[PDB]
Amino acid sequence: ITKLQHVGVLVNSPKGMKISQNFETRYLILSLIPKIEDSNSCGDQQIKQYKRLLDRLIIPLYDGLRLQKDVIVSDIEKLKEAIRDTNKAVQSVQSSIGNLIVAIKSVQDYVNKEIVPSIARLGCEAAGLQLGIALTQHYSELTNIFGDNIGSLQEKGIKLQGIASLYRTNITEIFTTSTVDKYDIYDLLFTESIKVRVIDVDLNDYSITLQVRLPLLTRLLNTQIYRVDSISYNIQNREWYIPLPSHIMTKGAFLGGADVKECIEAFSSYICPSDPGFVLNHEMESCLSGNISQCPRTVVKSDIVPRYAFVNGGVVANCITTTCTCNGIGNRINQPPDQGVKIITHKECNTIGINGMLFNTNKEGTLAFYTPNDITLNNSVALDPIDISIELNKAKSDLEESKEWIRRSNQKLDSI
Amino acid sequence: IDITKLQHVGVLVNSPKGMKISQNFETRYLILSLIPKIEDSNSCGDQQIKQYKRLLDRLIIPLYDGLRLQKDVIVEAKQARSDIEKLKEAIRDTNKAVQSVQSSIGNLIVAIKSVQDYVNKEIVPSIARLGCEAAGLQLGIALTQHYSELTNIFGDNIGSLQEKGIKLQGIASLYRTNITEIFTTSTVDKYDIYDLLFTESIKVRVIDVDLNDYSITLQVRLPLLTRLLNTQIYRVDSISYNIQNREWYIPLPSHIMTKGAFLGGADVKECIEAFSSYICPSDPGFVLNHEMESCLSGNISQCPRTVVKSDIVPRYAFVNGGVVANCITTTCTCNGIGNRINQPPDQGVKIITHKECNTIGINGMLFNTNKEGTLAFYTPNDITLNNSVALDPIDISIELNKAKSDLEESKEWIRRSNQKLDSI
Amino acid sequence: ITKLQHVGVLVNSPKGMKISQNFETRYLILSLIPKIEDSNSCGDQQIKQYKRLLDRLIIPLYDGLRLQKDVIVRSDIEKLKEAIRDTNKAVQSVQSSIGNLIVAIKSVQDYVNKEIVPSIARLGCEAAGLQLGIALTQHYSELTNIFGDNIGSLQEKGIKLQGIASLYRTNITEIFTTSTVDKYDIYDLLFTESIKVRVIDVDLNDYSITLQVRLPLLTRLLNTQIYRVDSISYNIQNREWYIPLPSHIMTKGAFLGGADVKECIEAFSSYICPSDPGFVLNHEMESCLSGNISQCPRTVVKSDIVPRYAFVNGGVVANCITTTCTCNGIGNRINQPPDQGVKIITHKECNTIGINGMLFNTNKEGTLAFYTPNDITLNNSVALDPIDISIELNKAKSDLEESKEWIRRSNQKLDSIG
Ligand SMILES: *[C@@H]1O[C@H](CO)[C@@H](O)[C@H](O)[C@H]1NC(C)=O
Ligand SMILES: *[C@@H]1O[C@H](CO)[C@@H](O)[C@H](O)[C@H]1NC(C)=O
């Protein structure tokens, strides 16, 4: 193959080829509910809910798997009575205290029979809740990664975060049987060739078993696949055009056309189920190879034949039959008899125009943001600590006085 | 430029549609922040933030590693005898009785102080903590939701190096009110952006991940469609037809193109059918051969027809809901095996409408109309909240009342005590 | 059709054919917010929040549909009393204390009643709220998984198993409710995700989404069979030939032709086309494919581009005359009588078939892998040892009982005056 632009054919993006036939099969077990242990069974009510949620997920995948399997397979006396009085007075101050004690005891038992237990329960409920958040973030994450896999019983690609559960810290380690290039796995990701299919579901453990099949690419020696676009071209005052296949191949010193219908284009090569090459008729064969005298050219008489095509950042066109402008509809672009087409470059003309149609360079837009609302956690609800010191301090202060008077009553009681 | 006389020759050209080329793009960055600024001086949600960040790490890291791999490949006292000693003693005893009572008070004004301490040093901070753990939970839910929402909208993009389309809710952050503000660079039709949505032509690739601030950076590529002036595209199906007792069929491309006054075929292969038009990277058209072109333009006597001898050649086709068959070499039964629909040896084919015959018949096969089935629902089970009932308050009044009730009765007696003591 | 392996054409996997034109429309109603019954409005905020979340999800779908419809349409007796007055003043001071105590006590009570009890209930409320949020959050999560792909585009999309889950109750057959469908037919519908659902209408007030499920009804063509065919360069005598043929072939009754399965979708037991994909081949080829092998449009090969080997049913078919086929190692070459056109290499005959050094092995199995969540263990609530003052309280009655006795004593020493 050469440079037969002068005849309107443009061969570009040269690329290698690999055949995907061999593969490694690993199985991945998804466990939907973590081993949960809570002594007092606080997170009990919640576990129950999280399971009914899982069932709504698992059960359908089950019924489906079962269907698939189903098909496939009177003076002293005054002082006397004055004592009796004061005495009866002390006896009542007793029953008084005898009641403050009961009152005080009742308070204790309240605090123990109601308040403390409540505080307890509340915490239990809140421990349970804390678990709900946990399970929920799990179900969330679970579904986001293997959600499309758990939804169909057919093969599917696998997200990066799903592959991340196959290797520890080096993606290469995904293949635990062979050794693989950094390069080779990249072609796998960019192509999403790694496929996953759900094989079974255990309704009791709440686990889904997936079968992933990793392709092992076989590289091909000396094979290159190019893309080709043909445009009309002028020679003297006549316009010609050569229709050719979309892709050309090169195996050793042989060339032919490549049918990439079933393949997938990777970064530096195409990964195919099998060699895509096919033979062209001697004419195209010689034309492409160099003997330009053989090109299957046709005189163009219809507006249908394309007179321009886009190639790697820029346009290729027949500027004789198509009006090519440079940076405005007033700057006509010439093309010497020398060639059959002109390669207008965006470096050359920022806005290259073809028959009025303006083709510019990617225009940056205004930056966008996906942002959540700022959350401020207005702390709990505070309670002012109770204060009785002022009262208790007086009780203890009267108390003392009481003692002093008794002290005095005794030294006065001294009359020997 | 195409005569629909072609119909009489079993060749049907479906609906007309325009064509647009996609070569002008509008790059535009979208920054995803997976964690909001959080304010809580008491650090009551520290444990959740931790939990949340770890959740994001599991999600983000793989995207990160993948981008790195790509970036790499690419680039006792005496006793009382006399009654005055008996009084001295009698009162000396009561003093001790009082001294006992005051001993009892000391014990109570300790029992109370202990309560004022149990409550203050334990019942309170304990309750305070519940609210603090509860604030954490509040933030968890929220944070959990932001994740669930984020993963839904961008989870398809976040999980691949390959380019993907944006969901409606994704695009939602590219405009404030009109879905048009989508493009900032240019001005675009309601029609032009509808073809974009309907086709999922708007695509985005993840560019960089920032593991520290927990943010992903997407590049949205909005394409700008160039409408190809006076170009239409039709889909074309061909059936067999009878003309003078001979049965013919014409093999024709799937699609045809109309450019000005020229015509040919359309290789829509690498293109995408939208609503108003097809959207292709380049012009799909190619040139048919003299015979075929002429045939389609009108010179019906040029059609590369063939005699049907096999049963492979289609004798009917669905187009415009209804059916179009060759009712001569086929038996078209209108509304039930009974009534047969006839076709003069003159015409080419018969166009049967589901309006005339509710259930078209073609040799046993009954092509009917969409039949509506039973309305179905996806509804969550009704929820009801049973806020814990309040706690019957504490009542120690009956006890406090008798308590004060006596304190008076006591004061009384001391009056009488002081009374008799005053008449001495 | 036959056994044309002798000329290098390999007719693979034989499948039947069904066309899909008869559809069964069925509407599905998505309710994003369930009916909530909260008497004391404990979950108010949490609900206002969830809705704010459903809006950031619904709205866009709305704005989207709008754009669409918008476009589509100084003695002893004197001494004795100075001492009793003293005693009384001491009893007075006691009463004063008992008062400051009776006060302090009610105060305690009031606090627990006017500040703690309430505080306990509020906390109880906040939880009921938080519990609702868990629910709502989950619902949102579950629902965005099932229909989130549909809700995000306005083009038709397939439907997940768990999505189909709400069309039937027990048998997956009750999916269609206007006809009766083979278990076989729905499996082809599932295996193909032919069932499509398109978002029809959204309601911003009741937070609901209406979806239309399009359920295809397959019609089966008789005696029709579609085969996949591969062609490889063969070797007859010392000359090397190649016969190029279409990728798919069809068999109808006693006739055969090609098949343009392009617009078609291969299922399990058959292909599901929007219409019969058969076309006729030129006499020569038609004849060739039916036995008359002297009619095969064979071409002499002179390039390495012509396929000399092909993958088939977990094995390889190759021209081991123009290709160097090795069985179980590069030293063991496989031969071929100048007669047969090609050799059918089986992985059972060759664990590792090698074509020109390129190795095609059996499939090895890597290590089982696990996606498991860290073990969660709940450290119970926060427990408070109960309050205990029964010690200090007993030291109270006891002292009163001592006091009671000191009085009983003081009385009798008086009961003996005279
Ligand atoms: C070009 O091809 C023709 C036909 O095969 C041959 O006769 C002629 O000599 C060739 N000339 C070149 C360019 O080698
Ligand atoms: C097919 O082969 C027969 C003999 O098997 C031969 O006589 C005949 O000419 C061939 N058919 C055609 C179309 O000529």
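About the thresholds
- Residues numbered from 1 in each chain as written, not as in the entry; some residues may be left out.
- Chains lettered and ligands numbered in written order.
- Heavy atoms only, no water.
- Residues with missing side-chain atoms left out of burial classes, pairs and counts.
- Helix = DSSP H or I, 4+ residues; strand = E, 2+ residues; numbered from the N terminus.
- Rg over C-alpha atoms; globule rule 2.2 N^0.38 Å.
- 1 Å grid on protein atoms, 1.4 Å probe; cavity = no way out; pocket = protein on both sides within 12 Å on 5 of 7 lines; lining within 4 Å.
- Points joined across faces, edges and corners; volume = space filled by probe spheres on them.
- Contact = heavy atoms within 4.5 Å.
- Nonpolar A, V, L, I, M, F, W, Y, C, P; charged D, E, K, R; others polar.
- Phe/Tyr/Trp six-rings, centres within 6.5 Å; stacked < 30°, edge-to-face > 60°.
- Buried < 20%, exposed > 50% of the residue type's maximum accessible area, 1.4 Å probe, protein only.
- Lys NZ or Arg CZ within 6 Å of the ring centre and 35° of its normal.
- Disulfide = S-S within 2.5 Å.
- UniProt positions renumbered as here; feature names shortened; annotations may be inferred.
- Salt bridge = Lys/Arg side-chain N within 4 Å of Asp/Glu carboxyl O.
- Domains from an automatic or database assignment.
- Buried area = accessible area lost by both parts, 1.4 Å probe.
- Polar contact = N/O pair within 3.5 Å; in protein donor to acceptor, adjacent residues only side chain to side chain.
- Pairing = 2+ DSSP bridges.
- Axes fitted to C-alpha atoms, helices over the stretch in contact; angles between N-to-C directions.
- Parallel < 35°, antiparallel > 145°, perpendicular 65-115°, else oblique.
- Left-handed = near helix turned anticlockwise from the far one by under 90°.
- Expected span 1.5 Å × (residues − 1).
- Bend = angle between axes of the 7 residues up to and from the residue.

### Looking at the overall build of chain A
Within chain A, the secondary structure is distributed over six helices and 22 strands. At 45 Å, chain A has a C-alpha radius of gyration far larger than the 22 Å of a compact globule built from 416 residues. Its C-alpha atoms give chain A principal-axis dimensions of about 160 × 65 × 35 Å.

### Quick look at empty space enclosed by the protein
The space that makes up the largest cavity amounts to roughly 240 Å³. Breaking the lining of the largest cavity down by element, the ones donating at least two residues are helix 2 (76-146) of chain A, helix 2 (83-158) of chain B together with helix 2 (76-146) of chain C. Tallying contributions element by element places helix 2 of chain B first for the lining of the largest cavity, with five residues.

### A few points about the interface of chain A and chain B
Taken residue by residue, the interface counts 109 residues in chain A and 126 residues in chain B. Of all the secondary structure elements, the ones that give two or more residues to the side of chain A that touches chain B are helix 2, helix 3 (160-163), helix 4 (182-191), strand 15 (308-310), strand 20 (357-359), strand 21 (368-370), strand 22 (375-376) and helix 6 (389-412) of chain A. The leading source of residues in the side of chain A that touches chain B is helix 2 of chain A, at 44 residues. Classifying every residue of the side of chain A that touches chain B by side-chain character gives 57 nonpolar, 31 polar and 21 charged.

### A look at the packing of aromatic side chains
Applying the stated criterion to the full structure yields 19 aromatic pairs over all chains. Measuring from ring centre to ring centre gives 5.2 Å for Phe146(A) and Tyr371(C), while their planes differ by 55°; the resulting arrangement is tilted. Of this pair, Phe146(A) sits in helix 2 while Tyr371(C) sits in strand 20 (residues 369-371), on two different chains. Taking relative accessible area as the criterion, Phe146(A) reaches 1% and is therefore assigned buried. Where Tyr50(C) meets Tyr140(C), the ring centres are 6.5 Å apart and the plane angle is 80°; that geometry is what we call edge-to-face. The burial state of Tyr50(C) is the same as that of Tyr140(C); both residues are buried. Put simply, the rings of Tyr186(A), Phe190(A) and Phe267(A) touch in pairs and so form one group of aromatic residues. The ring of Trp405(A) has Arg408(A) sitting right over it, with the charged end atom 5.3 Å from the ring centre.

### Remarks on the UniProt feature "disulfide bond" in chain C
Residues and elements named next belong to chain C. Of the disulfides listed in UniProt, the one joining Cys42 and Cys125 is reproduced in the coordinates: its sulfurs are separated by 2.0 Å, less than 2.5 Å. We classify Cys42 as buried; its relative accessible area is 14%. Using a relative accessible area of 22% as the deciding quantity, one classes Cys125 as partly exposed. Look at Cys327 and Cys350: UniProt pairs them in a disulfide, and at 2.0 Å between sulfurs the bond is present in this structure. With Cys327 in strand 16 (residues 325-327) and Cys350 in the loop between strand 17 (343-346) and strand 18 (353-355), this residue pair connects regions lying 23 residues apart in the sequence. The residues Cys327 and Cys350 share a single accessibility class, namely buried.

### A short note on the pattern of salt bridges
Scanning the model with the defined rule gives 36 salt bridges over all chains in all. Linking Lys164(B) and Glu192(A) is a salt bridge whose minimum nitrogen-to-oxygen distance equals 3.0 Å. One end of the pair, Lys164(B), is in strand 4 (residues 164-165); the other, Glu192(A), is in the loop between helix 4 and strand 4 (195-202), on a second chain. With relative accessibility at 17%, the residue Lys164(B) sits in the buried group. Between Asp311(B) and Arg315(B) there is a salt bridge whose closest N-O contact spans 2.6 Å. Accessibility expressed as a relative area gives 42% for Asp311(B), which makes it partly exposed. Judged by its relative accessible area of 14%, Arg315(B) falls in the buried class. Among the charged side chains, a network of salt bridges with common partners joins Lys18(A), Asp184(A) and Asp187(A).

### Brief notes about the domain arrangement of chain A
You'll often see interface size given as the accessible area lost when the parts meet. Residue and element names in this part refer to chain A. Assigned domains of chain A: these are domain 1 (1-20 + 220-307), domain 2 (21-219), domain 3 (308-360) and domain 4 (361-416). Each of domain 1 and domain 3 has a C-alpha centre, and these two points are 23 Å apart. The partner domain 3 presents 15 residues to the 13 residues of domain 1 that form the contact. Between domain 1 and domain 3, a total of about 1,100 Å² is buried, with carbon and sulfur atoms accounting for 58% of that surface. Counting across the domain 1 and domain 3 interface gives zero salt bridges. Counting the contacts that link domain 1 with domain 3 gives four residue pairs in polar contact.

### Notes on the interface of chain B and chain C
With 109 residues of chain B at the contact, the number on the chain C side is 129 residues. For the side of chain B that touches chain C, the secondary-structure elements that each account for two or more residues are helix 2, helix 3 (168-171), helix 4 (190-199), strand 15 (316-318), strand 20 (365-367), strand 21 (376-378), strand 22 (383-385) and helix 6 (397-422) of chain B. Classifying every residue of the side of chain B that touches chain C by side-chain character gives 58 nonpolar, 30 polar and 21 charged. Sheet analysis places strand 21 of chain B next to strand 1 (residues 9-31) of chain C, joined by three bridges and oriented parallel. When the bridges of strand 1 of chain C are listed, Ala376(B) appears paired with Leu28(C).

### Remarks on the UniProt feature "disulfide bond" in chain A
The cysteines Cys42(A) and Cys124(A) carry a UniProt disulfide annotation, and their SG atoms are 2.0 Å apart, under the 2.5 Å mark, so the bond is there. Look at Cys42(A) and you get buried, because its relative accessible area is 10%.

### Here's the deal with the state of the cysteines
Counted under the stated rule, the structure contains 15 disulfides over all chains. In this model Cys319(A) forms its disulfide with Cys324(A); the gap between the sulfur atoms is 2.0 Å. Residues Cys319(A) and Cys324(A) share a disulfide whose torsion about the S-S bond is about -95°; that sign makes it left-handed. In this model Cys327(B) forms its disulfide with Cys332(B); the gap between the sulfur atoms is 2.0 Å. The disulfide joining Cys327(B) to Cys332(B) has a torsion of about -95° about its S-S bond and is therefore left-handed. Judged by its relative accessible area of 10%, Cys327(B) is buried. Taken N- to C-terminal, the disulfide-bonded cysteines of chain C are connected 1-2, 3-4, 5-6, 7-8, 9-10. Sequence-ordered numbering of the bonded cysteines in chain A gives a pairing of 1-2, 3-4, 5-6, 7-8, 9-10.

### So, the packing of helix 2 of chain A against helix 2 of chain B
It is the contact of helix 2 of chain A with helix 2 of chain B, at a shortest axis distance of 8 Å, that shows an interaxial angle of 15°. Here helix 2 of chain A lies roughly parallel to helix 2 of chain B, going by the angle between them. Pair helix 2 of chain A / helix 2 of chain B crosses with left-handed handedness. When the residues that make up the contact of helix 2 of chain A with helix 2 of chain B are grouped by side-chain class, the tally is 33 nonpolar, 15 polar and three charged.

### Description of helix 2 of chain A
The terminal C-alpha atoms of helix 2 of chain A lie 104 Å apart, and with 71 residues this matches the ideal 105 Å at 1.5 Å per residue to within 8%. At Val111(A), helix 2 of chain A shows its maximal kink, close to 35°.

### What about the pairing of strand 3 (residues 196-203) of chain C?
Pairing between strand 3 of chain C and strand 4 (residues 208-220) of chain C: seven bridges, direction antiparallel. Of the residues in strand 4 of chain C, the one forming a bridge with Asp201(C) is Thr210(C).

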